[PDB]
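data_26.pdb (PDB, N, CA and C atoms)
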ATOM      1  N   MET A   1       0.851  -1.219   0.000
ATOM      2  CA  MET A   1       0.000   0.000   0.000
ATOM      3  C   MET A   1       0.874   1.251   0.000
ATOM      4  N   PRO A   2       0.383   2.384  -0.554
ATOM      5  CA  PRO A   2       1.185   3.611  -0.651
ATOM      6  C   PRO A   2       1.481   4.359   0.656
ATOM      7  N   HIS A   3       2.646   4.995   0.706
ATOM      8  CA  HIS A   3       2.992   5.837   1.834
ATOM      9  C   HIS A   3       2.619   7.276   1.480
ATOM     10  N   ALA A   4       2.876   8.214   2.399
ATOM     11  CA  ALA A   4       2.905   9.627   2.053
ATOM     12  C   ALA A   4       4.077   9.933   1.109
ATOM     13  N   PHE A   5       3.981  11.066   0.421
ATOM     14  CA  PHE A   5       5.039  11.486  -0.477
ATOM     15  C   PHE A   5       6.332  11.754   0.303
ATOM     16  N   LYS A   6       7.476  11.397  -0.296
ATOM     17  CA  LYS A   6       8.725  11.737   0.354
ATOM     18  C   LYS A   6       9.723  12.255  -0.689
ATOM     19  N   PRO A   7      10.723  13.054  -0.274
ATOM     20  CA  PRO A   7      11.773  13.519  -1.176
ATOM     21  C   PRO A   7      12.310  12.314  -1.943
ATOM     22  N   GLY A   8      12.552  12.518  -3.245
ATOM     23  CA  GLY A   8      13.047  11.485  -4.139
ATOM     24  C   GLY A   8      11.926  10.843  -4.973
ATOM     25  N   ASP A   9      10.686  10.866  -4.484
ATOM     26  CA  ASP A   9       9.567  10.297  -5.259
ATOM     27  C   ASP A   9       9.402  10.986  -6.613
ATOM     28  N   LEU A  10       9.113  10.188  -7.669
ATOM     29  CA  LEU A  10       9.047  10.726  -9.020
ATOM     30  C   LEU A  10       7.570  10.757  -9.365
ATOM     31  N   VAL A  11       7.173  11.812 -10.083
ATOM     32  CA  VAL A  11       5.758  12.048 -10.316
ATOM     33  C   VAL A  11       5.624  12.722 -11.670
ATOM     34  N   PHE A  12       4.374  12.787 -12.135
ATOM     35  CA  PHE A  12       3.972  13.857 -13.031
ATOM     36  C   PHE A  12       3.228  14.880 -12.169
ATOM     37  N   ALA A  13       3.566  16.177 -12.325
ATOM     38  CA  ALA A  13       2.974  17.204 -11.481
ATOM     39  C   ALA A  13       2.107  18.112 -12.358
ATOM     40  N   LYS A  14       0.942  18.482 -11.833
ATOM     41  CA  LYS A  14      -0.032  19.172 -12.661
ATOM     42  C   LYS A  14      -0.156  20.608 -12.154
ATOM     43  N   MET A  15       0.095  21.553 -13.062
ATOM     44  CA  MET A  15      -0.164  22.958 -12.810
ATOM     45  C   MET A  15      -1.166  23.470 -13.844
ATOM     46  N   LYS A  16      -2.044  24.392 -13.419
ATOM     47  CA  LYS A  16      -3.042  24.993 -14.298
ATOM     48  C   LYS A  16      -2.369  25.469 -15.572
ATOM     49  N   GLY A  17      -2.950  25.094 -16.717
ATOM     50  CA  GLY A  17      -2.493  25.662 -17.971
ATOM     51  C   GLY A  17      -1.215  24.998 -18.460
ATOM     52  N   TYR A  18      -0.840  23.871 -17.847
ATOM     53  CA  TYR A  18       0.310  23.152 -18.352
ATOM     54  C   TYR A  18      -0.027  21.676 -18.377
ATOM     55  N   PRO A  19       0.611  20.871 -19.257
ATOM     56  CA  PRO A  19       0.355  19.424 -19.291
ATOM     57  C   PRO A  19       1.001  18.845 -18.029
ATOM     58  N   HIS A  20       0.538  17.666 -17.600
ATOM     59  CA  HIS A  20       1.164  16.895 -16.535
ATOM     60  C   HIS A  20       2.659  16.766 -16.841
ATOM     61  N   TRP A  21       3.508  17.175 -15.876
ATOM     62  CA  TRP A  21       4.906  17.472 -16.151
ATOM     63  C   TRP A  21       5.850  16.564 -15.354
ATOM     64  N   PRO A  22       6.869  15.925 -15.977
ATOM     65  CA  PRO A  22       7.789  15.050 -15.229
ATOM     66  C   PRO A  22       8.463  15.877 -14.130
ATOM     67  N   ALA A  23       8.474  15.332 -12.907
ATOM     68  CA  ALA A  23       8.938  16.075 -11.748
ATOM     69  C   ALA A  23       9.318  15.134 -10.611
ATOM     70  N   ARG A  24       9.957  15.703  -9.574
ATOM     71  CA  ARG A  24      10.256  14.903  -8.404
ATOM     72  C   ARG A  24       9.929  15.721  -7.160
ATOM     73  N   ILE A  25       9.757  15.030  -6.025
ATOM     74  CA  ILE A  25       9.650  15.705  -4.738
ATOM     75  C   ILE A  25      11.075  15.992  -4.300
ATOM     76  N   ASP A  26      11.380  17.266  -4.020
ATOM     77  CA  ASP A  26      12.724  17.632  -3.587
ATOM     78  C   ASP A  26      12.859  17.589  -2.069
ATOM     79  N   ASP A  27      14.120  17.534  -1.635
ATOM     80  CA  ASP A  27      14.486  17.875  -0.275
ATOM     81  C   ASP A  27      14.435  19.398  -0.112
ATOM     82  N   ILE A  28      14.371  19.858   1.133
ATOM     83  CA  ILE A  28      14.627  21.260   1.433
ATOM     84  C   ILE A  28      16.031  21.301   2.030
ATOM     85  N   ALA A  29      16.947  22.072   1.422
ATOM     86  CA  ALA A  29      18.313  22.169   1.936
ATOM     87  C   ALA A  29      18.301  22.939   3.259
ATOM     88  N   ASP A  30      19.205  22.546   4.153
ATOM     89  CA  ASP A  30      19.469  23.335   5.343
ATOM     90  C   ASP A  30      19.585  24.792   4.939
ATOM     91  N   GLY A  31      18.822  25.619   5.653
ATOM     92  CA  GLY A  31      18.897  27.059   5.525
ATOM     93  C   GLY A  31      18.014  27.616   4.412
ATOM     94  N   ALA A  32      17.375  26.729   3.625
ATOM     95  CA  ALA A  32      16.572  27.129   2.474
ATOM     96  C   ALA A  32      15.116  27.372   2.890
ATOM     97  N   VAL A  33      14.403  28.146   2.061
ATOM     98  CA  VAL A  33      12.980  28.451   2.188
ATOM     99  C   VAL A  33      12.160  27.165   2.135
ATOM    100  N   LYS A  34      11.306  26.992   3.151
ATOM    101  CA  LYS A  34      10.432  25.841   3.318
ATOM    102  C   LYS A  34       9.137  26.104   2.551
ATOM    103  N   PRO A  35       8.351  25.059   2.192
ATOM    104  CA  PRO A  35       7.115  25.249   1.431
ATOM    105  C   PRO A  35       6.063  25.606   2.473
ATOM    106  N   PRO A  36       4.900  26.161   2.074
ATOM    107  CA  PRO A  36       3.772  26.306   2.997
ATOM    108  C   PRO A  36       3.397  24.955   3.588
ATOM    109  N   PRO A  37       2.635  24.954   4.713
ATOM    110  CA  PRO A  37       1.924  23.766   5.199
ATOM    111  C   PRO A  37       1.179  22.983   4.122
ATOM    112  N   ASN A  38       1.325  21.659   4.156
ATOM    113  CA  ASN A  38       0.588  20.753   3.288
ATOM    114  C   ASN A  38       1.056  20.803   1.830
ATOM    115  N   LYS A  39       2.103  21.598   1.522
ATOM    116  CA  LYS A  39       2.687  21.647   0.183
ATOM    117  C   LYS A  39       4.065  20.963   0.158
ATOM    118  N   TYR A  40       4.463  20.497  -1.028
ATOM    119  CA  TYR A  40       5.750  19.822  -1.207
ATOM    120  C   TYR A  40       6.573  20.637  -2.189
ATOM    121  N   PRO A  41       7.924  20.657  -2.108
ATOM    122  CA  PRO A  41       8.693  21.371  -3.113
ATOM    123  C   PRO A  41       8.819  20.468  -4.334
ATOM    124  N   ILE A  42       8.317  20.935  -5.465
ATOM    125  CA  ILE A  42       8.352  20.096  -6.646
ATOM    126  C   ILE A  42       9.429  20.643  -7.573
ATOM    127  N   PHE A  43      10.325  19.752  -7.987
ATOM    128  CA  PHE A  43      11.298  20.111  -8.995
ATOM    129  C   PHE A  43      10.825  19.582 -10.344
ATOM    130  N   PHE A  44      10.626  20.489 -11.315
ATOM    131  CA  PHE A  44      10.167  20.081 -12.638
ATOM    132  C   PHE A  44      11.416  19.796 -13.471
ATOM    133  N   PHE A  45      11.474  18.586 -14.029
ATOM    134  CA  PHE A  45      12.569  18.204 -14.923
ATOM    135  C   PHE A  45      12.430  19.033 -16.202
ATOM    136  N   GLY A  46      13.555  19.244 -16.887
ATOM    137  CA  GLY A  46      13.528  19.965 -18.147
ATOM    138  C   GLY A  46      13.626  21.463 -17.910
ATOM    139  N   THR A  47      12.633  22.050 -17.219
ATOM    140  CA  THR A  47      12.634  23.480 -16.941
ATOM    141  C   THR A  47      13.552  23.758 -15.767
ATOM    142  N   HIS A  48      13.649  22.772 -14.879
ATOM    143  CA  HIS A  48      14.433  22.903 -13.666
ATOM    144  C   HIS A  48      13.845  23.956 -12.732
ATOM    145  N   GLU A  49      12.556  24.274 -12.883
ATOM    146  CA  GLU A  49      11.876  25.199 -11.978
ATOM    147  C   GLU A  49      11.278  24.430 -10.797
ATOM    148  N   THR A  50      11.081  25.128  -9.661
ATOM    149  CA  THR A  50      10.430  24.593  -8.472
ATOM    150  C   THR A  50       9.079  25.293  -8.293
ATOM    151  N   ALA A  51       8.068  24.543  -7.851
ATOM    152  CA  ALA A  51       6.860  25.129  -7.293
ATOM    153  C   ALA A  51       6.446  24.301  -6.093
ATOM    154  N   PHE A  52       5.507  24.850  -5.331
ATOM    155  CA  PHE A  52       4.969  24.193  -4.157
ATOM    156  C   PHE A  52       3.607  23.639  -4.525
ATOM    157  N   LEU A  53       3.423  22.324  -4.345
ATOM    158  CA  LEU A  53       2.170  21.715  -4.751
ATOM    159  C   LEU A  53       1.697  20.718  -3.696
ATOM    160  N   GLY A  54       0.367  20.522  -3.634
ATOM    161  CA  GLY A  54      -0.255  19.539  -2.756
ATOM    162  C   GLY A  54      -0.544  18.230  -3.513
ATOM    163  N   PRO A  55      -0.771  17.108  -2.788
ATOM    164  CA  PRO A  55      -0.956  15.774  -3.385
ATOM    165  C   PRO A  55      -1.978  15.661  -4.512
ATOM    166  N   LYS A  56      -3.001  16.513  -4.481
ATOM    167  CA  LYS A  56      -4.020  16.443  -5.529
ATOM    168  C   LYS A  56      -3.407  16.633  -6.919
ATOM    169  N   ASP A  57      -2.235  17.290  -6.971
ATOM    170  CA  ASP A  57      -1.645  17.621  -8.243
ATOM    171  C   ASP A  57      -0.450  16.709  -8.545
ATOM    172  N   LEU A  58      -0.256  15.667  -7.729
ATOM    173  CA  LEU A  58       0.929  14.812  -7.851
ATOM    174  C   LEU A  58       0.507  13.395  -8.229
ATOM    175  N   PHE A  59       1.012  12.922  -9.379
ATOM    176  CA  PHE A  59       0.651  11.624  -9.941
ATOM    177  C   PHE A  59       1.903  10.767 -10.018
ATOM    178  N   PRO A  60       1.960   9.697  -9.215
ATOM    179  CA  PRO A  60       3.136   8.819  -9.202
ATOM    180  C   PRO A  60       3.561   8.309 -10.583
ATOM    181  N   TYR A  61       4.871   8.429 -10.838
ATOM    182  CA  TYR A  61       5.482   8.275 -12.146
ATOM    183  C   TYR A  61       5.169   6.914 -12.780
ATOM    184  N   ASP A  62       5.451   5.840 -12.053
ATOM    185  CA  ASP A  62       5.291   4.467 -12.537
ATOM    186  C   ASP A  62       3.867   4.239 -13.051
ATOM    187  N   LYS A  63       2.873   4.562 -12.210
ATOM    188  CA  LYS A  63       1.478   4.347 -12.568
ATOM    189  C   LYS A  63       1.067   5.186 -13.779
ATOM    190  N   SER A  64       1.660   6.387 -13.949
ATOM    191  CA  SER A  64       1.121   7.419 -14.838
ATOM    192  C   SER A  64       1.914   7.556 -16.138
ATOM    193  N   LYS A  65       3.067   6.892 -16.257
ATOM    194  CA  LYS A  65       3.952   7.209 -17.379
ATOM    195  C   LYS A  65       3.362   6.810 -18.738
ATOM    196  N   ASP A  66       2.584   5.719 -18.769
ATOM    197  CA  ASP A  66       1.960   5.256 -20.005
ATOM    198  C   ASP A  66       1.011   6.323 -20.559
ATOM    199  N   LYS A  67       0.380   7.098 -19.667
ATOM    200  CA  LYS A  67      -0.540   8.146 -20.060
ATOM    201  C   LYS A  67       0.153   9.472 -20.349
ATOM    202  N   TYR A  68       1.103   9.872 -19.490
ATOM    203  CA  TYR A  68       1.546  11.258 -19.504
ATOM    204  C   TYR A  68       2.953  11.388 -20.090
ATOM    205  N   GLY A  69       3.647  10.266 -20.244
ATOM    206  CA  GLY A  69       5.045  10.294 -20.656
ATOM    207  C   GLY A  69       5.171  10.259 -22.179
ATOM    208  N   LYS A  70       4.562  11.244 -22.848
ATOM    209  CA  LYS A  70       4.572  11.356 -24.296
ATOM    210  C   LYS A  70       5.164  12.716 -24.662
ATOM    211  N   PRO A  71       5.876  12.843 -25.805
ATOM    212  CA  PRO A  71       6.513  14.118 -26.156
ATOM    213  C   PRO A  71       5.479  15.224 -26.286
ATOM    214  N   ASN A  72       5.924  16.462 -26.066
ATOM    215  CA  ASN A  72       5.048  17.613 -25.950
ATOM    216  C   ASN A  72       5.798  18.828 -26.479
ATOM    217  N   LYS A  73       5.049  19.761 -27.070
ATOM    218  CA  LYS A  73       5.626  20.917 -27.734
ATOM    219  C   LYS A  73       6.331  21.830 -26.727
ATOM    220  N   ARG A  74       5.829  21.874 -25.486
ATOM    221  CA  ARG A  74       6.195  22.923 -24.538
ATOM    222  C   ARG A  74       7.683  22.886 -24.177
ATOM    223  N   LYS A  75       8.240  24.077 -23.924
ATOM    224  CA  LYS A  75       9.658  24.298 -23.657
ATOM    225  C   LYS A  75      10.124  23.450 -22.473
ATOM    226  N   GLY A  76      11.120  22.597 -22.711
ATOM    227  CA  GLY A  76      11.764  21.859 -21.634
ATOM    228  C   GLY A  76      11.145  20.481 -21.372
ATOM    229  N   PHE A  77      10.011  20.168 -22.011
ATOM    230  CA  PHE A  77       9.270  18.969 -21.647
ATOM    231  C   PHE A  77      10.010  17.687 -22.049
ATOM    232  N   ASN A  78      10.536  17.669 -23.266
ATOM    233  CA  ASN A  78      11.161  16.468 -23.801
ATOM    234  C   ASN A  78      12.489  16.200 -23.089
ATOM    235  N   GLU A  79      13.189  17.295 -22.775
ATOM    236  CA  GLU A  79      14.342  17.239 -21.903
ATOM    237  C   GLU A  79      13.905  16.646 -20.567
ATOM    238  N   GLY A  80      12.779  17.142 -20.028
ATOM    239  CA  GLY A  80      12.178  16.595 -18.819
ATOM    240  C   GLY A  80      11.959  15.080 -18.850
ATOM    241  N   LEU A  81      11.381  14.569 -19.939
ATOM    242  CA  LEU A  81      11.136  13.136 -20.057
ATOM    243  C   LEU A  81      12.451  12.334 -19.981
ATOM    244  N   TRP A  82      13.540  12.896 -20.545
ATOM    245  CA  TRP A  82      14.809  12.178 -20.581
ATOM    246  C   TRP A  82      15.349  12.087 -19.155
ATOM    247  N   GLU A  83      15.234  13.193 -18.422
ATOM    248  CA  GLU A  83      15.778  13.302 -17.083
ATOM    249  C   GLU A  83      15.078  12.320 -16.155
ATOM    250  N   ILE A  84      13.747  12.306 -16.197
ATOM    251  CA  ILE A  84      13.055  11.463 -15.236
ATOM    252  C   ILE A  84      13.321   9.972 -15.508
ATOM    253  N   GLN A  85      13.540   9.618 -16.782
ATOM    254  CA  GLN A  85      13.775   8.231 -17.144
ATOM    255  C   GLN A  85      15.234   7.825 -16.886
ATOM    256  N   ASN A  86      16.204   8.744 -17.119
ATOM    257  CA  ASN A  86      17.613   8.407 -17.250
ATOM    258  C   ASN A  86      18.465   8.859 -16.049
ATOM    259  N   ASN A  87      18.102   9.974 -15.374
ATOM    260  CA  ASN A  87      18.879  10.412 -14.213
ATOM    261  C   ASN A  87      17.975  11.257 -13.293
ATOM    262  N   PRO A  88      16.913  10.649 -12.720
ATOM    263  CA  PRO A  88      15.917  11.426 -11.969
ATOM    264  C   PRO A  88      16.440  11.991 -10.644
ATOM    265  N   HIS A  89      17.583  11.460 -10.148
ATOM    266  CA  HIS A  89      18.101  11.815  -8.835
ATOM    267  C   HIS A  89      19.388  12.644  -8.867
ATOM    268  N   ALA A  90      19.803  13.089 -10.073
ATOM    269  CA  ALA A  90      20.946  13.960 -10.299
ATOM    270  C   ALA A  90      20.750  15.367  -9.742
ATOM    271  N   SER A  91      21.876  16.039  -9.460
ATOM    272  CA  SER A  91      21.836  17.466  -9.192
ATOM    273  C   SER A  91      21.653  18.208 -10.512
ATOM    274  N   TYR A  92      20.585  19.004 -10.620
ATOM    275  CA  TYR A  92      20.331  19.759 -11.840
ATOM    276  C   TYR A  92      20.664  21.239 -11.638
ATOM    277  N   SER A  93      21.355  21.553 -10.538
ATOM    278  CA  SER A  93      21.718  22.922 -10.203
ATOM    279  C   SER A  93      22.789  23.442 -11.179
TER
END
Starting from the file, give its structure as structure tokens.
Amino acid sequence: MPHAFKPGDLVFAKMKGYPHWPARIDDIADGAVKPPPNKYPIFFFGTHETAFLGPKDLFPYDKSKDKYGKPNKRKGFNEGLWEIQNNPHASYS
């Protein structure tokens, strides 16, 4: 059975006006800005941007890849697909 989300978990993350996007749950570095209550820091592959999102917008990668893991016109997406498949736990800084 599933646990709560934890840093390192791979997902497709959904933001208004964007397709479901390859992403991971990040750690918060010592000394860094924490997310609001009930939100997780999401690192979007490809764009390398972070946003704060709640579970309703987080779709586990394994279950969802057949549906959402298809190439897309949007900037950074295809790069994103490569990252989540090939090196999802790398430093992208």
* Go through the shown structure with the PyMOL selection byres ((chain A and resi 1-12) around 6.5) and write out the matching residues as a ChimeraX atom specification. => /A:13-14,20-27,57-62
* To do: Mind listing the alpha helix (DSSP H) residues of stretch 30-92 of chain A, per DSSP on the backbone, as a list in words?
  =>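 Those residues are residues 61, 62, 63, 64, 65, 66, 67, 68, 77, 78, 79, 80, 81, 82, 83, 84, 85 and 86 of chain A.
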* atom CA of residue A:66 and atom CA of residue A:18, how far apart in Å? ->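 Answer for the atom CA of residue A:18 to atom CA of residue A:66 separation: 18.0 Å.
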* To do: Return as JSON, numbers by chain the set of residues that the PyMOL selection byres ((chain A and resi 47-50) around 7) yields on the displayed structure.
  => {"A": [41, 42, 43, 44, 45, 46, 51, 52, 75, 76, 77, 79, 80, 92]}
Please, which residues of chain A, numbered as in this document, come out strand (DSSP E) from DSSP, as a tab-separated table (two decimals) with N, CA and C atoms, keeping the file's coordinate frame?
chain	number	residue	atom	x	y	z
A	10	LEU	N	9.11	10.19	-7.67
A	10	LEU	CA	9.05	10.73	-9.02
A	10	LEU	C	7.57	10.76	-9.36
A	11	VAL	N	7.17	11.81	-10.08
A	11	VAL	CA	5.76	12.05	-10.32
A	11	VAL	C	5.62	12.72	-11.67
A	12	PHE	N	4.37	12.79	-12.14
A	12	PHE	CA	3.97	13.86	-13.03
A	12	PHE	C	3.23	14.88	-12.17
A	13	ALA	N	3.57	16.18	-12.32
A	13	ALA	CA	2.97	17.20	-11.48
A	13	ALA	C	2.11	18.11	-12.36
A	21	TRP	N	3.51	17.18	-15.88
A	21	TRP	CA	4.91	17.47	-16.15
A	21	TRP	C	5.85	16.56	-15.35
A	22	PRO	N	6.87	15.92	-15.98
A	22	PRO	CA	7.79	15.05	-15.23
A	22	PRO	C	8.46	15.88	-14.13
A	23	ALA	N	8.47	15.33	-12.91
A	23	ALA	CA	8.94	16.08	-11.75
A	23	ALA	C	9.32	15.13	-10.61
A	24	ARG	N	9.96	15.70	-9.57
A	24	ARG	CA	10.26	14.90	-8.40
A	24	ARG	C	9.93	15.72	-7.16
A	25	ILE	N	9.76	15.03	-6.02
A	25	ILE	CA	9.65	15.70	-4.74
A	25	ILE	C	11.08	15.99	-4.30
A	40	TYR	N	4.46	20.50	-1.03
A	40	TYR	CA	5.75	19.82	-1.21
A	40	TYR	C	6.57	20.64	-2.19
A	41	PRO	N	7.92	20.66	-2.11
A	41	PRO	CA	8.69	21.37	-3.11
A	41	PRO	C	8.82	20.47	-4.33
A	42	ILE	N	8.32	20.94	-5.46
A	42	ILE	CA	8.35	20.10	-6.65
A	42	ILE	C	9.43	20.64	-7.57
A	43	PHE	N	10.32	19.75	-7.99
A	43	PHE	CA	11.30	20.11	-8.99
A	43	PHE	C	10.82	19.58	-10.34
A	44	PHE	N	10.63	20.49	-11.32
A	44	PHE	CA	10.17	20.08	-12.64
A	44	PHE	C	11.42	19.80	-13.47
A	50	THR	N	11.08	25.13	-9.66
A	50	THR	CA	10.43	24.59	-8.47
A	50	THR	C	9.08	25.29	-8.29
A	51	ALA	N	8.07	24.54	-7.85
A	51	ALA	CA	6.86	25.13	-7.29
A	51	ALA	C	6.45	24.30	-6.09
A	52	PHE	N	5.51	24.85	-5.33
A	52	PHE	CA	4.97	24.19	-4.16
A	52	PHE	C	3.61	23.64	-4.53
A	53	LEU	N	3.42	22.32	-4.34
A	53	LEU	CA	2.17	21.72	-4.75
A	53	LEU	C	1.70	20.72	-3.70
A	58	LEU	N	-0.26	15.67	-7.73
A	58	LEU	CA	0.93	14.81	-7.85
A	58	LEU	C	0.51	13.40	-8.23
A	59	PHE	N	1.01	12.92	-9.38
A	59	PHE	CA	0.65	11.62	-9.94
A	59	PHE	C	1.90	10.77	-10.02
A	60	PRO	N	1.96	9.70	-9.22
A	60	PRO	CA	3.14	8.82	-9.20
A	60	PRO	C	3.56	8.31	-10.58
* **Two-atom distance - atom C of residue A:63, atom CA of residue A:29 (Å)** => 28.9 Å
* Å distance separating atom CA of residue A:70 from atom CA of residue A:84, one decimal place ->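 Separation of atom CA of residue A:70 and atom CA of residue A:84: 12.4 Å.
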* Please provide as a ChimeraX atom specification all residues within 6.5 Å of residue A:54, with the sequence filter that same-chain residues fewer than 5 positions apart are discarded (counting all atoms listed in the file). => /A:38-40
